[PDB]
Ligand SMILES: O=P(O)(O)OCCCc1c[nH]c2ccc(F)cc12
Ligand SMILES: O=P(O)(O)OCCCc1c[nH]c2ccc(F)cc12
Ligand SMILES: *Cc1c(COP(=O)(O)O)cnc(C)c1O
Ligand SMILES: *Cc1c(COP(=O)(O)O)cnc(C)c1O
Ligand code: NA
Ligand code: NA
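Protein chains in written order, with the UniProt record's numbering: chain D, 2 to 391; chain V, 2 to 391; chain A, 2 to 187, 194 to 267; chain F, 2 to 187, 194 to 267.
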């Protein structure tokens, strides 16, 4: 038995080899006590504030919405140490690891951002960091790899399977099944076996709590909708969490549509995949008709998770949240538009969220709406990519 | 005559062609009134807070100083929108430009960071941006150039002279001498003709004001010394300003020593150059025995200004502030050390400041000292550079 | 049924069971079927067969490569069930157990997967990524179709788990010799399992030498499962089918010999 | 002295002064001296000579290139003063004005630069980046060494500036025809300057056509200065010294002719 519910409706669970259950049970228990431990919270908040840079600003866009009745605010997680929202949760999981007496950290990474965040939190807190990365990604993410090494993290390429993120996720679990005693698996998104979906959300929840207080302060009211891209689901659920009970606030998740849904080359498992059991959870995913797991495709490398967090699949099923997709080209246009009119280079990941807000505005220009887009990260990393395409 | 003193002791002045004096006088006057205008301040502070990310954190280093009696804090300007402290001042100069009815912006840039900051402030405030860059730098700063273009700024290469920063500074003044009526010259450092040294300092002054309140809060006392690298002098004077009257606080400026002072290949004009008249000011600079201006050399491209701000030359002469140098290798070691023990990638520029703090600590480990280093920027931009060297 | 029978017989002959594991379709369909016929001829008491899955997270390199070779051969779950039927048609009494990953079982409906196992003649199913806590739907479907749901007893097993594995499992109990994943180059439980009337224990993971089989049986286990050690012989002889079967016969006979 | 004399003479002959400007040492020492002798022979009333500086921020492309050519020739300030002496030795009466940038004057001491100008026979010095507000040290040093400190009267000049330029300047007043920098392809003041007893005005910047000289004199100016237009002839004939001098003679004579 567990202390917390491992399922969100029919999605979730703990589908891991029997050998790992005690590790999972130990983690849930450590999390539940840390959550009630004032000393743990003070420590977490201290690092978020004095080391990461929280609270991040909530910027009102004054040029981009000209000529419409849309007021758009951007939650600036791009201003967080590391350049992305991932930093919030790895700092918490690292404190959790220490609380359990663990001295090593295992992490999986695709685009490399989670790897970098895991490495920086480890270096800061004196933990040994082991990072698994698909050989194909290692090759395409040379900069992030050097960054990880520079921070003392060990980067191990994974040549098995497709040699991408899903294969790195496999290797991390394999490693952990044998080293759970001294090492902690720092999962990178709000997915996987319980209690990770729950832990990662609670450690990303300050994004939505800050936004709410910030919008209430600047506009005297809650937004009509908050929008966030969904790769695995952490930045999105982090933004959604505090608004879930405010039924008047729309929650919109944007999955990458790649070259277009109809082309089959996308990364939108939540709305265009099929429920399966993988990576320790029951959730919708990219899989063949045979049940073999497939990769997610997108112009932005950071939305490569072939599945999605269970709480999202759940929020969708009960109609609390809506999920849409945005193609590469639409994300590109949103990327260019923000650079040119607001002087902010957004991550191609976050551009998917921005592109949808832009669409809501443009399709109904006279509609009065207060929107908040979660700018999950900065796009310096995407400069060359957008360069060549252009 | 002018409203403010154009000189700091014997350094400073307004050594520009006669045709530009009225532009200078108009700017000083606009600055003096803006400085007294509550509406202007509210606007400036608003942008700094909700758009740039101020106040930046003051991080206590807990690993790097282990085994010594040195307490080291880092002022995180690396967490500022844009990744560097330059953002603070360009936002203010942009508001100044609008206040004067100017609609265009002229800027010079070497490493490209000032160009990027000028471009982002222009895009945000609806100003047309023209940026001059030495052809040699354009070539070596491909990423920053694309960033500038991406933000709608015009980047014009300068093939004259050495085709580096000093030549770009020349072209900007040439351009301005003929377009001062509709355009404003957004100088990138606390140097040049009055009132730029004064304006840039006042627009960077929040760095030191924040630090003081932050240190007083965390340590209950003022630091023993605050340290900052000096390329042209803006991040340094921004940090120093608020502490100048607190005589118990040491002010230390670090110029790049390149391959070593004795090799002649450095960028430390303040302590190893000779007073000359150039770029509209009387200050120490890199020049031949003949009086021809020379380039500053350093592993970090952002410390390429062949001279130094006049207030620094002045603070040094009266012994209020001390200036030292740090070689490429020392900056490199400091760069690696911060990545590995604190999980922060510093700009190679800021690493010069860090390297000196490290030296103060290491040379006298039992000396009790409270130090603050101004982490002027992040080093993502330096990853490949440090890569190859390594 | 088939497990009960096999175990009754082995007990009378005072010997342990040797169970080889191979991936269906490795290195190809025709060669895989030949490999399997050789394993049985050489002395295997039962078979543990894996269905090629894209993300075998409980498997070490050796078997990860076996899956790749299988996929490279165009092998699909449907083709596996075809092989499974042909194998059963040739060997009516040997117990056949499948080593599965959850998605391949869940894919087209849980009950439908077991119904297919039943009609093909499969005896047991071990779902590697389904712990006892999440097994309800799986074991019930297995029972409804007369398939034995196999459960893993890990070394870090506490009493509660022991009791569950004992009452939920059937056919045999998979006993983990260590933590980690499958890999050739890598008692209190046995007694407690017996105490709780658990199905005969078969030890697995790392069993590559004949003496390991002797020791397993001596420790109280009904037999041993060996996979990577067998699969390694396949990969090392890819270029020569003949030598592959010869070496397979030799290894298997030596391993079964040790079970007596 | 030399300016006073030149201007007295020109007034009697009812003509304006034509003053060419070239960079000392462009394209080389020997050729530069020849170019200068040709300018005088062709009709120049005075010379405005630039000393190659590394950062000529008040200069357009044409002259920026002249400095480069000079540096490429190894020309230094010391060599310029050597040329300056040879030129004076050959032409005892022509006024010689130097176009300088502040650092080259400040370098080894302000007073020392003017002392050297005096001993070499230089008549005036125009420091391009020193406005009247910062000129105290410079004009005083100039006066002490009998050198005329030249000041620029820009088009956006207000009355106060006018009065200062009038009382501080000597020899001649440099009148800016426009804002911006030097470049060939690019009255109220004149009266006020006369009212305030300013030294004879010489208009400069953009003067490249003979009619421009006529118009300048007609407007009330004592003459015109032309630089880029002259330097352009040098760069365009680099490969042929002979044609360079020929074309220089032609342009200069045409320009001086227009001053009458
Ligand atoms: O000889 P070895 O170590 O390859 O064991 C193979 C055992 C059979 C086996 C193959 N794949 C597995 C995945 C999970 C599991 F519990 C058991 C197995
Ligand atoms: O013909 P043109 O436009 O090249 O003018 C040349 C005038 C002489 C000249 C050469 N360099 C200068 C720098 C400043 C200044 F006030 C005047 C000059
Ligand atoms: C990691 C990342 C994402 C995707 O992860 P989620 O878990 O879906 O939040 C999105 N944006 C940025 C900038 C990221 O780094
Ligand atoms: C521009 C820059 C500097 C140098 O400029 P100063 O005017 O000397 O402050 C130093 N550090 C960083 C990161 C910079 O971008
Ligand atoms: Na996904
Ligand atoms: Na400098």
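All residues carry an ideal CB built from backbone N, CA and C; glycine is no exception.
With fewer than 16 other CB atoms across the displayed protein chains lying within 10 angstroms of its CB, residue 250 of chain A is exposed. Using a Cβ-Cβ cut-off of 7 Å, residue 129 of chain F is close to 18 of chain V, given in chain order.
Selection A:61, A:124, A:101 evaluated against residue 78 of chain A yields A:101 as nearest (Cα-Cα). Look at which beta carbons fall closer than 7 Å to any heavy atom of ligand 5; those residues are D:231, D:232, D:233, D:256, D:268, D:270, D:297, D:304, D:306, D:307, D:308, D:309.
Rounded to the nearest whole angstrom, the C-alpha separation of residue 170 of chain D and residue 156 of chain D is 14 Å. Check the Cα spacing between residue 160 of chain V and each of V:135, V:144, V:244: the tightest is with V:135. Taking C-alpha positions only, residue 22 of chain F is separated from residue 180 of chain F by approximately 19 Å.
Beta-bridge partners of residue 323 of chain V (DSSP): V:253. Collapsing the DSSP output to three states places residue 76 of chain F in coil. Residue 50 of chain A is positioned such that its CB atom lies closer than 7 Å to that of residue 25 of chain A. A residue is called buried when at least 16 other Cβ atoms come within 10 angstroms of its Cβ; residue 269 of chain D meets this threshold and is buried.
Under the DSSP assignment, residue 144 of chain D falls outside any beta strand (DSSP E), being part of the alpha helix (DSSP H) whose first and last residues are 143-151. Taking the Cβ atoms as the reference, residue 213 of chain A lies roughly 7 Å from residue 184 of chain A, within the contact range of under 8 Å. A distance below 7 Å separates the beta carbons of residue 118 of chain V and residue 83 of chain V. Straight across, the Cα-Cα distance linking residue 55 of chain F with residue 347 of chain D is about 41 Å.
The distance from the Cβ of residue 182 of chain F to that of residue 180 of chain V is about 11 Å, inconsistent with a contact at the 8 Å cut-off. Beta-bridge pairing by DSSP links residue 71 of chain V to V:370. Looking only at D:9, D:273, D:362, D:182, the smallest Cα-Cα distance to residue 193 of chain D is reached by D:9. At least one heavy atom of ligand 4 lies less than 6 Å from the C-beta of residue 377 of chain V. Taking 7 Å as the CB threshold, residue 138 of chain F stays off the interface with chain V. For residue 236 of chain D, no Cβ of chain A is located within less than 7 Å of the residue's own Cβ. For residue 16 of chain V, there is no enclosing alpha helix (DSSP H); the residue is found in the beta strand (DSSP E) stretching over 12-16. Each residue's CA atom was taken as its position, placing residue 137 of chain D and residue 182 of chain D some 30 Å apart. The DSSP-derived three-state label of residue 195 of chain A is helix. Distances taken from the Cβ of residue 118 of chain D to the heavy atoms of ligand 3 include none shorter than 6 Å.
Residue pairing of residue 352 of chain D in beta bridges, as defined by DSSP: absent, with no partner found. In this chain, the beta strand (DSSP E) harbouring residue 127 of chain F covers 125-128.
In terms of side-chain proximity, the C-beta atom of residue 183 of chain F is found nearer than 6 Å to a non-hydrogen atom of ligand 2.
The segment 77-92 of chain D and the segment 236-249 of chain D touch, with no fewer than 3 CB-CB distances between them shorter than 8 Å. Residue contact check for residue 6 of chain V against chain F: no CB pair falls below 7 Å.
With a cutoff of 7 Å on beta-carbon distance, residue 212 of chain V and residue 51 of chain D are scored as not near each other. Of all residues in the segment 124-135 of chain D, only 124, 125, 126, 127 place a beta-carbon less than 9 Å from a beta-carbon of chain V. Taking the Cα positions, residue 293 of chain V is about 12 Å away from residue 68 of chain F. For residue 86 of chain F, the nearest beta carbon of chain V is not closer than 7 Å to its own beta carbon. Counting the other CB atoms within 10 Å of its CB gives residue 186 of chain F a total below 16, which places it among the exposed residues.
Annotation for residue 88 of chain V: 53, 81, 82, 118 place their beta carbon closer than 7 Å to its own, counting only its chain and skipping 5 residues before and after.
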